[PDB]
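Quick setup: the structure tokens below cover two forms of a single protein chain, split into structure 1 and structure 2.
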Structure 1
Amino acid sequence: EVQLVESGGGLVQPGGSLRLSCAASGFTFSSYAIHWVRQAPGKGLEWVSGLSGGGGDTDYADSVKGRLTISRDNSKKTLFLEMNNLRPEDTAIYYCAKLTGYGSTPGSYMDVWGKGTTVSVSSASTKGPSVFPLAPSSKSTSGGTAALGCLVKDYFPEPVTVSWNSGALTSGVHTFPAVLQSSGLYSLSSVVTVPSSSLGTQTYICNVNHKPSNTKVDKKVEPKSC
């Protein structure tokens, strides 16, 4: 019944601005304080801002103080977070969270949280991946298995989805988590452990899709030749 729905995140250059909304339902919105809590990739929760039910008490964290402002529209049952003059470190997923009361006190707890919305701040710009073949080992393996794959390198932003043979092949496929480099560009690899006997006859194409850059790349991976 109780539901919060966030929106407004996006890829933004340093110094850019975003407006986050959190649309609530299933409770008397105005009777309850609602707070923002953010979480950088692979890190812990950081409290950002809060606001009493009446919009009376704005409170911020020293880190975001001056650049973020919080607000309510009670008729619309919605919490807002206007983020300006954004900084890379402000890159994270931003959750809104209902408190158990009208006001922040030591007893207060966050009883409900949205699914979150994602803010990314980077001097990077959207760039599709370069896709390189990882040809199968000439020595194969001790077993009759061969490992071939594709290297998805230098892409921004996430996500990239990799399919083999247009999704027909799902057996030995193992796409790996991506790595954020010094460049601020991402790179990932997908590998398919396949029968070594098939290499000559059977064709493997990897389908690398990057919705953000509106490009899909289809690389055929063949054994390397001298």
Structure 2
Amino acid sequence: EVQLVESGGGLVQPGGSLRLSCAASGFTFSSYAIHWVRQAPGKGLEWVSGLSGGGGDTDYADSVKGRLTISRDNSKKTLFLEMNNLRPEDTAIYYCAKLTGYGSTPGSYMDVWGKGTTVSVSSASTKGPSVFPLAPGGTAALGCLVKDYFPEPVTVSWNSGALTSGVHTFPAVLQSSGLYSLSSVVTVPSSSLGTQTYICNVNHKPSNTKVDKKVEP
């Protein structure tokens, strides 16, 4: 019954603003300090801000001091985080966590956490990929480069679902540009090349993009 639920995450342009909230259940919200902890994809935990049970004492990390404002309405059992002039570096999952005391005391810890809410700060816009054919004993590696697309995700099939066992579709990279690039490879007989036809089927539903790319050596 004791839970924190974060809301308000989304995609935002750099320089934009976002308001995050955190709904508490199962305990007396006012009796406890609540903090925000963020984590950028693939990176470490980073403390963002904290607030006393009454809301009087507010504390902010150096990285966010001016741009962020933490507050709480105890009547609504909700915490808030106002984020302005968002930077790409603010891209992270934002977690709210409940301290074991009313304030940030010596040996206090975060006993309860929420599942978190995702913030993406990107200047990128919806864009379908450019699909390129990747070509070179008993086996041959053939591939499809799905380039410069936004946002996630993309689905890749081979020969319309006929080939799957020897197929490896790699997770996307997020480039500096804010665009994603993904690659799928299939293992096939080297003898069959020039006889057999290998087609990757790329679907990017966000852009309504379907591309069937024939891969030849």
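Residues are numbered by position in structure 1's sequence, first residue being 1. Only the largest set of C-alpha atoms that superpose within 1.5 Å between the two forms is called the rigid core.
Superposing the rigid core between structures 1 and 2 leaves a single residue from 99, 83, 131, 92 with a C-alpha shift of at least 2 Å: 131.
The interdomain rotation between structures 1 and 2, with the chain split into two rigid parts and fitted on C-alpha atoms, amounts to 23°. We note a C-alpha movement of 11.7 Å at residue 200 between structures 1 and 2, with the rigid core held in register. When the core is overlaid, the C-alpha of residue 35 ends up 0.1 Å from its other position between structures 1 and 2. Here residue 155 exhibits a Cα shift of 1.8 Å between structures 1 and 2, evaluated on the superposed rigid core.
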